[PDB]
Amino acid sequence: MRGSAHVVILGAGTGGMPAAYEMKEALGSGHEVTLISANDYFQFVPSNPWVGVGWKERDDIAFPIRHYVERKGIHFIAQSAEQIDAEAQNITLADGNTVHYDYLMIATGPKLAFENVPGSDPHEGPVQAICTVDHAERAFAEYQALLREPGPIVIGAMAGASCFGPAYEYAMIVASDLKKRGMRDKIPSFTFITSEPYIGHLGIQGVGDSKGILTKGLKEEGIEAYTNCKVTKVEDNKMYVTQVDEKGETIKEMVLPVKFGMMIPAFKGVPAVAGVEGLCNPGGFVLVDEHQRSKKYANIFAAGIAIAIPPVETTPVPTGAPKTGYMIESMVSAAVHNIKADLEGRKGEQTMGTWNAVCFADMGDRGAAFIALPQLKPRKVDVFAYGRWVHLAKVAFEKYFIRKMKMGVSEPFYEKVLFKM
């Protein structure tokens, strides 16, 4: 209000949850912090591929938000925003209620654009998805139906996708789970389809020897792999794939039967955010400046997958670069600090810093991880690692992050890196 600003945070995910705590901590008792989110529970997204092969249960990676944020003085509304009026600064919720804000922080993550590919929606076909825990449980269910009645497998990533790690990870743990059940030899074919220009491109033009190691890993497991692919439609339990060459010209078309399938979809901005005029690029991602502030509305900030990051490369089949957890945190921190300063007559000069991608994938007893920065080669850090220690690190970090979402966050969030001192 007129002297004690009301700060609304939209989306209680990887960026939104900590943003609510950090926001509340920074603003203190004199300001209202409201967290709005479509679900009443928080999920740890990087654990979803394991849920999708049944190595993890929902109960292990998700929990109810309300008590933990409210014990902190944050108001929680478990409702989806349907409309945003930036002029009037009102948010219309699904139930019709409206919420007013003085500052909006948008952390709504991705809309899964199943509509780019007719038939590709998990509910209308064999092609599943593992990005949300609801979808991963459903993926597991179809996985069990493959066990009872074996048929061809197709795993991969769609045109326009930006999140390739999980596709490779899921392909590997499925192959692995098939072996551990002695069922692997029952599979007619096992294909990996990706829009990447080559295996291990990962949306980032490769990191370390990702090409060689992912290539060998796929061959090792008897998975046939195709790149520069776009799926045009899913129909009659068949995936229609077009493969192009360096200059976008078609070099073949394939029709693949699928009994069990998982393709990572392209991400768009959610409709409520994409619907705000002049706020977003054509993909529905919020245009912001270095400080996380909307270019159009000075009291709207944004962070996480929700924001637009300009492409630095152009591939035969459209692909995007990933937005990963450490960079999301830096964006969150910057947005909070800069809002706090708006409330105190300063201009917040904090930025998210250097673009970077960090990803960790657990395969069982060991994992793979990479770090790349900045976005364009030649990089200052370009490492791809595999080992048992990646597994331990993933396990520890999940445990840590979830504990922090329950206990609360101050916080220069990543001093997990005090394992030096």
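For every residue, the number given is its place in the sequence shown, counted from 1.
Q: Can you let me know which of the two, 108-116 or 181-189, has the higher average C-alpha B-factor in the entry?
A: Per the deposited B-factors, the answer is 181-189.
Q: Do the CA atoms of 36-44 or those of 23-31 have the higher mean B-factor in the entry?
A: Averaged over C-alpha atoms, the B-factors run higher in 23-31.
Q: When you compare the CA B-factors of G203, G284, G125, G208 as listed in the entry, which one comes out on top?
A: Going by the entry's C-alpha B-factors, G125 comes out highest.
Q: With respect to the C-alpha temperature factors reported in the PDB entry, which of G165, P310, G212, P316 ranks highest?
A: Across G165, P310, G212, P316, the entry lists the biggest C-alpha B-factor for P310.
Q: Just say lowest, middle or highest third for the CA B-factor of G275 relative to the other modelled residues in its chain.
A: According to the entry, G275 has a C-alpha B-factor in the chain's middle third.
Q: State the tercile, meaning the lowest, middle or highest third, of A361 with respect to the CA B-factors recorded for its chain.
A: According to the entry, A361 has a C-alpha B-factor in the chain's middle third.
Q: Sort the modelled residues of this chain by their C-alpha B factor and say whether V154 lands in the lowest, middle or highest third.
A: Tercile = lowest for this residue's CA B-factor.
Q: Sort the modelled residues of this chain by their C-alpha B factor and say whether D134 lands in the lowest, middle or highest third.
A: Answer is middle: the recorded C-alpha B-factor places it there.
Q: Ranking every modelled residue in this chain by its Cα temperature factor as given in the entry, which third contains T250?
A: CA B-factor rank for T250: highest third.
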